[PDB]
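As structure tokens, the structure follows; a few thoughts come after it.
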Amino acid sequence: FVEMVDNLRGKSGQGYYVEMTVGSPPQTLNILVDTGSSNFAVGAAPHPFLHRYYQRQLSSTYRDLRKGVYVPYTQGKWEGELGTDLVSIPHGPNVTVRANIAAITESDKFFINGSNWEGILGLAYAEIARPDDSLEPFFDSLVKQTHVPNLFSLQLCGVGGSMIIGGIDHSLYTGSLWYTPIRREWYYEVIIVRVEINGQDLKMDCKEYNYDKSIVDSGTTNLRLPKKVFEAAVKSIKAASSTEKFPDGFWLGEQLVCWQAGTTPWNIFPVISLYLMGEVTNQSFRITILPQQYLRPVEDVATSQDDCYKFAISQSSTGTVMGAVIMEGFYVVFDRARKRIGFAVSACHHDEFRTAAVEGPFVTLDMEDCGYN
Ligand SMILES: Cc1cc2cc(c1)C(=O)N[C@@H](c1ccccc1)C/C=C/COC[C@@H]([C@H](O)CNCc1cccc(C(C)C)c1)NC2=O
């Protein structure tokens, strides 16, 4: 696993990617790591934002599946043609597998100018693959075709980080690993049982936190919350930070807030705790996130007399999304073999006053199931 450490790169706010090769002879591409979807897809024709792309006609091992595919995400969409080819991860396990690949031929608001990645690795389950669940996802192929154990973990550092395939690297975290069940195998779906802001409970029925599912998604930046939960959370964050007033556009994630370089007032912003269902009845643990995680710096030389930030919590109409802002400075273990997700504090986490945490146990008397439907 040391060979896999620091195998992820990224531009701030533009996506974490791993190097892969596709085809025979190997064509090198940088591929976005996405636990929020299940299609492996690569740019396969010119695009103003791509420095390189998959050339199927140079690969003797390419097999055309004679089927088109269209994938509309929350942000962005693409379409292209299915086939299969040999794939390897130079800084992953030492194996070469034959995998499904979508050759993207048209796209809209999907590739990002300057992001350095040319494709996406959907690491979730076949139930949400397009065009349907018969298209085996990459990680499934890898496990079936090799001896790699059925689990991977991600340490995203807010850029670089590590994707450890087939295991857990103890150098990447401290303290204990706490596990929450994967509720259903489609997305990495989990259940939040409680939310607090500065230790104050939001006080809603816990099904609202999971309306109509809650997922762990490395392919989305923000923590995204159902409308009712989002409005409650903003109200409580505004209340805690009320010594300064910000425009509504800031709270809507449409406008930056800036402070003279070095003077960001971290202390006025609250910590947010998300309590995740535990492995034992009515037990939970919490992960705590600091404003350094949910106020995302926007690098722009033009504004660089200041430190400028966007509010990285937003409203969702498709359930909770624990995006990269939540994953950053946790080590997150996708323990597919045991149908659970592990969290620990990451070696790449804080202030001289507060530190992000993963801790438990917490018990609740309330017998409600927090799962939505
Ligand atoms: C609002 C928003 C949504 C999404 C991405 C971003 C922003 C974004 O800004 N992402 C960038 C990034 C930067 C820094 C860190 C992490 C990500 C770069 C990543 C692009 C890849 O997009 C991946 C996609 C992810 O699969 C979504 N999962 C739920 C889902 C919803 C609908 C359909 C489907 C499947 C089943 C087809 C899944 N993310 C976004 O939609």
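Count residues from 1 along the sequence. In each ligand, atom 1 is the first atom listed, and ligand 1 is the first ligand listed.
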Legend entry - Heavy-atom proximity to atom 11 (C) of ligand 1, best of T221, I215, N39: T221
Legend entry - Protein heavy-atom partner closest to atom 25 (C) of ligand 1 - residue, atom, separation in Å: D34 OD2, 3.5 Å
Inset, instruction - Using a strict cut-off of 4.0 Å, indicate which atoms of ligand 1 neighbour a heavy atom of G13. - result: 13 (C), 14 (C)
Legend entry - Pick from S115, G76, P72, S12: the one approaching atom 33 (C) of ligand 1 most closely through a non-hydrogen atom: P72
Inset, instruction - Taking the six-membered ring for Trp and the full ring for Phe, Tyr or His, determine whether the centres of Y173 and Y331 are under 6.0 Å apart. - result: yes
Legend entry - Test item: side-chain donor near acceptor, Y309 and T264, under 3.5 Å: yes
Inset, instruction - Measure from the ring center of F343 to the ring center of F334 and say whether it is less than 6.0 Å. - result: no
Inset, instruction - Show which atoms of ligand 1 fall inside a sub-4.0 Å distance from at least one heavy-atom site of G36. - result: 26 (O), 28 (N), 29 (C), 30 (C), 38 (C)
Inset, instruction - Taking only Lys NZ, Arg NE, NH1 and NH2, and the carboxylate oxygens of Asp or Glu, determine whether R63 and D85 approach each other closer than 4.0 Å. - result: no
Inset, instruction - List the closest protein heavy-atom neighbour of atom 3 (C) of ligand 1: residue, atom name, distance to the nearest 0.1 Å. - result: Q75 CB, 3.5 Å
Inset, instruction - Examine the side chains of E19 and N7 and answer whether a donor and an acceptor come within less than 3.5 Å of each other. - result: no
Legend entry - Identity of the nearest option to atom 40 (C) of ligand 1, non-hydrogen atoms only, from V159, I128, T220: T220
Inset, instruction - Compute the ring centroids of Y275 and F285, then answer whether they are less than 6.0 Å apart. - result: no
Legend entry - Per-atom contacts, ligand 1 versus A324 - under 4.0 Å to a heavy atom: 15 (C), 16 (C)
Inset, instruction - With heavy atoms only and a cut-off of under 4.0 Å, state how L32 meets ligand 1: side chain, backbone, both or neither. - result: side chain
Inset, instruction - Examine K228 relative to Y211 and say whether NZ or CZ is less than 6.0 Å from the centre of the six-membered ring and inside a 45° cone about the ring axis. - result: no
Inset, instruction - Looking only at protein heavy atoms, identify the closest one to atom 34 (C) of ligand 1 and say how far it is in Å. - result: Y187 OH, 4.0 Å
Inset, instruction - Look up atom CH2 in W178 and atom OG in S284, then write down how far apart they are to the nearest 0.5 Å. - result: 9.0 Å
Inset, instruction - Could you label the plane-to-plane angle of the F49 and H47 rings as parallel, tilted or perpendicular, counting under 30° as parallel and over 60° as perpendicular? - result: perpendicular
Inset, instruction - Closest by any non-hydrogen atom to atom 28 (N) of ligand 1: pick that one out of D217, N222, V71. - result: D217
Legend entry - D64 with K67: basic N within carboxylate O range, under 4.0 Å: no
Inset, instruction - Just go through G10, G219, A312, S218 and tell me whose heavy atom is the nearest to atom 23 (C) of ligand 1. - result: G219
Inset, instruction - Pick one of side chain, backbone, both or neither for how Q14 approaches ligand 1, counting any non-hydrogen atom pair under 4.0 Å. - result: backbone
Inset, instruction - Please verify whether a non-hydrogen atom of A124 lies at under 4.0 Å from ligand 1. - result: no
Legend entry - Those atoms of ligand 1 less than 4.0 Å from some heavy atom in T74: 31 (C), 32 (C), 41 (O)
